[PDB]
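Chemist: Here you go, this is structure17.txt (compact mmCIF, C-alpha atoms).
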# COMPACT_ATOMS: atom_id res chain seq x y z
CA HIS P 1 0.59 -8.74 26.27
CA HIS P 2 -1.83 -11.59 26.99
CA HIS P 3 -4.41 -11.78 29.85
CA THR P 4 -3.27 -15.05 31.52
CA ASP P 5 -4.09 -16.64 34.90
CA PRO P 6 -1.17 -15.68 37.25
CA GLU P 7 -1.41 -19.18 38.93
CA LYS P 8 -0.68 -20.74 35.48
CA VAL P 9 2.47 -18.51 35.07
CA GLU P 10 3.71 -19.52 38.62
CA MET P 11 3.19 -23.25 37.64
CA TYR P 12 5.20 -22.95 34.33
CA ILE P 13 7.86 -21.01 36.32
CA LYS P 14 8.09 -23.90 38.92
CA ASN P 15 8.19 -26.40 35.94
CA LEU P 16 11.51 -24.85 34.66
CA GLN P 17 13.01 -26.71 37.71
CA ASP P 18 11.37 -30.16 36.91
CA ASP P 19 13.30 -33.47 36.47
CA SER P 20 12.00 -34.01 32.89
CA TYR P 21 13.76 -31.83 30.21
CA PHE P 22 10.40 -32.25 28.32
CA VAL P 23 8.51 -30.43 31.19
CA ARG P 24 11.24 -27.71 31.50
CA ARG P 25 11.31 -27.15 27.63
CA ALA P 26 7.44 -27.05 27.49
CA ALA P 27 7.30 -24.56 30.37
CA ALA P 28 9.90 -22.32 28.65
CA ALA P 29 7.91 -22.41 25.32
CA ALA P 30 4.58 -21.69 27.18
CA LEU P 31 6.15 -18.71 29.05
CA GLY P 32 7.14 -17.02 25.77
CA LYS P 33 3.56 -17.61 24.49
CA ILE P 34 2.11 -15.87 27.66
CA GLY P 35 4.64 -12.99 27.24
CA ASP P 36 4.71 -11.96 30.94
CA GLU P 37 7.64 -9.94 32.39
CA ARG P 38 7.63 -12.09 35.64
CA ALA P 39 9.02 -15.05 33.70
CA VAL P 40 12.15 -13.03 32.58
CA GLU P 41 14.46 -13.84 35.55
CA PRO P 42 13.46 -17.58 35.86
CA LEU P 43 13.92 -17.99 32.01
CA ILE P 44 17.39 -16.34 32.23
CA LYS P 45 18.38 -19.10 34.74
CA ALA P 46 17.11 -21.68 32.13
CA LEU P 47 19.57 -20.30 29.47
CA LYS P 48 22.13 -22.28 31.61
CA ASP P 49 20.07 -25.53 31.73
CA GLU P 50 21.82 -28.88 31.07
CA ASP P 51 19.57 -29.57 28.06
CA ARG P 52 20.27 -27.92 24.68
CA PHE P 53 16.49 -27.77 23.83
CA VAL P 54 15.61 -26.20 27.16
CA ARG P 55 18.30 -23.44 26.65
CA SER P 56 17.12 -22.66 23.07
CA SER P 57 13.39 -22.74 24.06
CA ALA P 58 14.20 -20.26 26.89
CA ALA P 59 16.11 -18.08 24.41
CA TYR P 60 13.14 -18.09 21.96
CA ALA P 61 10.72 -17.20 24.81
CA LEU P 62 12.94 -14.26 25.99
CA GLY P 63 13.03 -12.85 22.46
CA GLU P 64 9.23 -13.23 22.17
CA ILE P 65 8.90 -11.28 25.51
CA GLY P 66 11.16 -8.45 24.20
CA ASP P 67 12.57 -7.53 27.64
CA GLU P 68 16.02 -5.77 27.63
CA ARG P 69 17.18 -7.64 30.86
CA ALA P 70 17.76 -10.75 28.69
CA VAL P 71 20.36 -8.90 26.46
CA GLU P 72 23.45 -9.71 28.57
CA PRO P 73 22.41 -13.42 29.11
CA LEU P 74 21.49 -13.88 25.38
CA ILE P 75 24.94 -12.54 24.29
CA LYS P 76 26.52 -15.17 26.63
CA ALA P 77 24.28 -17.91 25.06
CA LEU P 78 25.51 -16.74 21.58
CA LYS P 79 28.81 -18.42 22.60
CA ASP P 80 26.97 -21.62 23.66
CA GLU P 81 28.43 -25.02 22.70
CA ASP P 82 25.23 -25.93 20.79
CA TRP P 83 24.35 -24.71 17.29
CA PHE P 84 20.51 -24.57 17.94
CA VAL P 85 21.07 -22.58 21.21
CA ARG P 86 23.37 -20.10 19.30
CA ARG P 87 20.74 -19.78 16.47
CA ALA P 88 17.96 -19.18 19.16
CA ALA P 89 20.05 -16.49 20.92
CA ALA P 90 20.84 -14.72 17.60
CA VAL P 91 17.07 -14.60 16.74
CA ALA P 92 15.98 -13.56 20.29
CA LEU P 93 18.52 -10.65 20.23
CA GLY P 94 17.06 -9.57 16.86
CA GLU P 95 13.53 -9.68 18.42
CA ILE P 96 14.79 -6.96 20.87
CA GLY P 97 17.48 -4.41 19.67
CA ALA G 1 6.23 -53.64 21.69
CA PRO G 2 4.86 -50.88 24.00
CA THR G 3 1.27 -49.71 23.34
CA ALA G 4 -0.80 -46.58 23.99
CA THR G 5 -4.51 -45.95 24.63
CA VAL G 6 -6.51 -42.66 24.73
CA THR G 7 -9.99 -42.84 26.38
CA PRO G 8 -12.04 -41.34 24.82
CA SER G 9 -10.27 -40.88 21.40
CA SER G 10 -13.15 -39.63 19.17
CA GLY G 11 -15.79 -36.83 19.18
CA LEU G 12 -13.75 -34.54 21.42
CA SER G 13 -14.38 -30.93 22.53
CA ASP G 14 -11.88 -28.16 23.44
CA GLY G 15 -11.21 -28.96 27.11
CA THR G 16 -12.16 -32.67 27.18
CA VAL G 17 -10.27 -34.70 29.78
CA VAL G 18 -8.92 -37.95 28.27
CA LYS G 19 -7.35 -40.99 29.92
CA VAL G 20 -3.88 -41.60 28.46
CA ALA G 21 -2.64 -45.14 29.13
CA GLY G 22 0.67 -46.85 28.26
CA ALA G 23 1.24 -50.64 28.40
CA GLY G 24 4.49 -52.52 27.76
CA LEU G 25 6.69 -49.52 28.64
CA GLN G 26 10.10 -49.77 30.39
CA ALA G 27 9.67 -49.91 34.20
CA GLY G 28 10.88 -46.75 36.07
CA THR G 29 11.20 -44.77 32.78
CA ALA G 30 9.55 -41.27 32.49
CA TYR G 31 7.27 -40.55 29.48
CA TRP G 32 6.09 -37.16 28.37
CA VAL G 33 2.39 -37.25 27.55
CA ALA G 34 1.53 -34.49 25.08
CA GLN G 35 -0.86 -33.44 22.32
CA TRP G 36 1.04 -33.40 19.00
CA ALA G 37 0.20 -32.61 15.43
CA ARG G 38 1.90 -33.16 12.04
CA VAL G 39 1.50 -29.53 10.71
CA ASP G 40 3.68 -30.13 7.62
CA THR G 41 5.88 -32.87 5.99
CA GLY G 42 8.49 -33.71 8.69
CA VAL G 43 7.08 -30.99 11.06
CA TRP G 44 5.59 -31.91 14.46
CA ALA G 45 4.32 -29.26 16.85
CA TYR G 46 3.43 -29.88 20.49
CA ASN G 47 0.92 -28.17 22.81
CA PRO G 48 3.20 -26.73 25.55
CA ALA G 49 0.23 -25.95 27.85
CA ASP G 50 -1.16 -29.36 28.76
CA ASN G 51 1.38 -32.06 29.30
CA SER G 52 2.49 -34.30 32.15
CA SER G 53 5.45 -36.65 32.89
CA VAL G 54 4.16 -40.02 34.08
CA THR G 55 6.53 -42.78 35.34
CA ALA G 56 5.89 -46.43 34.47
CA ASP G 57 5.16 -49.00 37.22
CA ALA G 58 6.87 -52.46 37.60
CA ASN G 59 4.39 -54.03 35.12
CA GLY G 60 5.41 -51.50 32.40
CA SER G 61 2.18 -49.43 32.59
CA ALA G 62 1.48 -45.72 33.24
CA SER G 63 -1.74 -43.69 33.29
CA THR G 64 -2.60 -39.98 33.34
CA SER G 65 -5.32 -37.52 32.41
CA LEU G 66 -4.87 -35.04 29.57
CA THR G 67 -6.80 -31.88 28.71
CA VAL G 68 -7.11 -31.91 24.90
CA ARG G 69 -7.35 -28.72 22.80
CA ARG G 70 -9.04 -28.39 19.44
CA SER G 71 -6.86 -25.33 18.75
CA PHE G 72 -3.42 -24.58 20.22
CA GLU G 73 -0.31 -22.50 19.62
CA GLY G 74 2.26 -25.06 18.38
CA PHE G 75 6.00 -25.34 19.28
CA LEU G 76 8.87 -27.32 17.75
CA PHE G 77 11.66 -29.37 19.43
CA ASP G 78 13.89 -26.29 19.89
CA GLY G 79 11.23 -23.93 21.25
CA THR G 80 10.40 -22.35 17.86
CA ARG G 81 6.86 -20.99 17.62
CA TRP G 82 5.25 -22.77 14.63
CA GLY G 83 1.86 -20.99 14.93
CA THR G 84 -1.80 -22.00 15.41
CA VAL G 85 -2.65 -25.69 15.11
CA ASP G 86 -6.35 -26.50 14.37
CA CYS G 87 -7.21 -30.17 15.13
CA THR G 88 -10.37 -30.16 12.91
CA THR G 89 -7.98 -30.16 9.87
CA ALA G 90 -4.52 -31.09 11.23
CA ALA G 91 -3.63 -34.70 12.10
CA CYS G 92 -3.66 -34.50 15.96
CA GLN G 93 -2.51 -37.25 18.23
CA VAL G 94 -1.54 -37.88 21.88
CA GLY G 95 1.92 -39.30 22.47
CA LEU G 96 4.00 -40.93 25.24
CA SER G 97 7.72 -40.42 24.76
CA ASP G 98 10.86 -41.25 26.73
CA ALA G 99 14.06 -39.11 26.84
CA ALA G 100 15.59 -41.41 24.14
CA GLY G 101 12.88 -40.78 21.54
CA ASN G 102 11.17 -44.22 21.83
CA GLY G 103 7.87 -45.38 23.34
CA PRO G 104 4.58 -46.27 21.60
CA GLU G 105 3.10 -44.98 18.33
CA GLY G 106 0.97 -41.86 18.89
CA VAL G 107 -2.78 -42.35 19.27
CA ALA G 108 -4.81 -40.30 16.75
CA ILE G 109 -7.50 -38.00 18.24
CA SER G 110 -10.55 -36.60 16.42
CA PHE G 111 -12.93 -33.73 17.34
Show me this structure written as structure tokens.

Modeler:
Amino acid sequence: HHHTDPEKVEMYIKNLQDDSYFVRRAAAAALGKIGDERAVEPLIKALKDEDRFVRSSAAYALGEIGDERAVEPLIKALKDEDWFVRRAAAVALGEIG
Amino acid sequence: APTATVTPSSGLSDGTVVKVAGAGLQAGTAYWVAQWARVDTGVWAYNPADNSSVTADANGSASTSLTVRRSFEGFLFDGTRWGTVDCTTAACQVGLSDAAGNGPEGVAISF
């Protein structure tokens, strides 16, 4: 629950689709910080990103948000090929219950 | 030997727009321009809010503007929330980095 400019949230949401994994990862981290529920569905799509640090960052953000919608996608990410992504998912699930 | 410039680099305020310049970079390569800080031994946190990807020209140079923060909520490589970074005490710099890891040495910024 943070009073954030909605135009800023839309921007970080568009950034999850950028060419630079750096931009996508940054956007995912920033969305968790903001803690808005509108970022839930676009962040769920990012849990399937080609970059291991984007997927984990999106998983940390989703846990920070605390939305139940992310439960099914986070359980899927718990079976992710990458160790950091699996650790992120485990933590995010614990930040919900 | 790629280099980096930050104009201005000293006496900054929270919200100051700085000119981030890279020279001697690899042509056509993307570089993430971000405010970083060494918050602990081997720990680097980035400001996820103000950052841009600039692509180097044929001459190996790139230029962008950056909004610097005195205080920011810091993140690690994997999207882990570190916590609040205060640049009055923490060693804050601006960095240009390619997908590899390379690029110039970060330019120290003081408030």

Chemist: Just give me the gap between atom CA of residue 43 of chain G and atom CA of residue 60 of chain G in Å, one decimal is fine.

Modeler: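 Atom CA of residue 60 of chain G lies at a distance of 29.6 Å from atom CA of residue 43 of chain G.
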
Chemist: If we count only C-alpha atoms, which residues of chain P reach to within 9 Å of chain G? Please list them as a list in words.

Modeler: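 The answer, sorted by residue number, is residues 12, 20, 21, 22, 23, 25, 26, 27, 28, 29, 30, 33, 52, 53, 54, 55, 56, 57, 58, 59, 60, 61, 84, 85 and 88 of chain P.
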
Chemist: Report as a list in words all protein, DNA and RNA residues lying within 10 Å of residue 1 of chain P, evaluated on all atoms listed in the file, omitting residues in the same chain fewer than 4 positions from it.

Modeler: residues 33, 34, 35, 36, 37 and 65 of chain P

Chemist: Could you state the separation of atom CA of residue 50 of chain P and atom CA of residue 94 of chain P in Å, given to one decimal place?

Modeler: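 We find that atom CA of residue 50 of chain P and atom CA of residue 94 of chain P lie 24.4 Å from each other.
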
Chemist: Please compute the atom CA of residue 84 of chain G-atom CA of residue 68 of chain G distance, one decimal, in Å.

Modeler: 14.7 Å
